[PDB]
Structures are given as C-alpha cells and as structure tokens.
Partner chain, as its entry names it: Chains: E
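Single chain ahead, written as structure tokens, the form deposited without the partner chain.
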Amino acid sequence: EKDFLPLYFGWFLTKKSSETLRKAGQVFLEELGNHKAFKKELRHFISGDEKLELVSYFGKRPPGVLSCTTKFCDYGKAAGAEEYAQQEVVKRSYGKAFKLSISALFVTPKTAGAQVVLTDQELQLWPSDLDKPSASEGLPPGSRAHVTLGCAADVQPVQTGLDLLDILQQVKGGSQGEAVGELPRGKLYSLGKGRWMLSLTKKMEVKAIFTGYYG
C-alpha cells in the first residue's frame, strides 16, 4: 500500500511568528469593534441587537500555532490531493524554511483572517488544480492564501479563504471605496455586506516551515 497523507499541507509559522501575528490580529479586532465607522455597520454585520466585542464574537480560534494552508488533502480523500503530494516541488520543499508576507487583515460576519501574498517559488507550492470553485476566477494564483484568526460559532473551515476571495474579487471590480480611517497599522476600507480590509503600511514578514498536518 501507499502511505496516507496529512489533513493538509502548508506553512506552519514559528512560535514567535504565531505569537507575533496572533497578538496583531487581536489588537485589530478591538480597534475595529471600538471604531465608530464600524459601530455604524453592525446592522449589516449581524441580525439582531449596544457595542460588540469582536474577539469573543469570533470565538472559534486556532488552538495553538498559526499556519498558512496550501492544499487541504483530507488524508487523500480530497480531489487533486494525490497529484499535489507527489509533485517534486512539494517533496523538495517539505521541511524548508520560508517567509510569508501579510498584506492585510479582514473581517466578515463569518471569519477573521490575514491575507497572504506568496512569492513566485512559494506559489509553485500552490495547487494549480483543475476544478476551481466560483471564487478563484480573476485573481492571480495564491490569492486565496491566508491565515485564519477567528470564525463565528457556526462557520465551516473553508469560509475564511472564501471570505478573502470575495473581498479581493470586489477590490478587483473597484468597489473598495475610499479609506474611511487610518488604523495605527494602516489604511481601512468598508466593502459593505459587513466586509472590511486593512491594508498594512509595512507588510508583516513571518517565518514558517512548509510541512503537513495530521493531528
């Protein structure tokens, strides 16, 4: 027989970079929740019902260290998972160190995350797979790349990547609007339908190892 694969592949940030980014994500959620322009849009954010504390709202958080997922394999059950694992480049890079560039932080009524911009070599570790779900269109590859920081209670694993994909798809169409504020890290935007994106002024470099997760 052949040996079974991980739940997923990806970069797994260092203790430091996880701690460094996790705290940075949590400062953002308070700055946002405590922002007037934000408090103006709770009607589009939730359904019913006062000021909301986003850090408890996104109550489902990463147990330990943060990670950027490349290919979710589900132990071989997922499509293209098989071809993706035998790629030479995936085998070349398994165990190698990497640095990732976080260009922005976002929030929607479902997820909080951090956009990841992959380099050209890192993009080679991105699955150029056949069966793109509606969102992938239009955006350069690797755009889906992110790190999950939080999810609302009843939200499913895939949504974080889709939330970012929907947002970028809108910036694509030029519906960003103008920056409605200058958060301490950078520029803020309201995209409607309870969507937001902060474009960091100095992009955050985190160090990580490309490996697989089983658990």
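Positions refer to the first chain, counted from 1.
One more form of this protein should be noted, the form deposited with the partner chain bound, which is absent from this view; the next part is about it.
Participant: Using a 4.5 angstroms cut-off on non-hydrogen atoms, would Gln87 count as touching the partner chain in the bound PDB entry?
Facilitator: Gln87 lies outside the contact set for the partner chain.
Participant: Even though the partner chain is not shown here, does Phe98 get within 4.5 Å of it in the bound PDB entry, heavy atoms only?
Facilitator: Residue-level check for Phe98: yes, a contact with the partner chain.
Participant: State yes or no: in the bound PDB entry, is some non-hydrogen atom of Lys207 no more than 4.5 angstroms from a non-hydrogen atom of the partner chain?
Facilitator: Output for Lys207 is yes: heavy atoms within 4.5 Å of the partner chain.
Participant: Does any part of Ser128 reach within 4.5 Å of the partner chain in the bound PDB entry? Heavy atoms only, please.
Facilitator: Residue-level check for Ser128: no, no contact with the partner chain.
Participant: Can you tell me which residues in 4-20 come within 4.5 angstroms of the partner chain in the bound PDB entry, by heavy atoms?
Facilitator: Those in contact are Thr14, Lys15, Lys16, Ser17.
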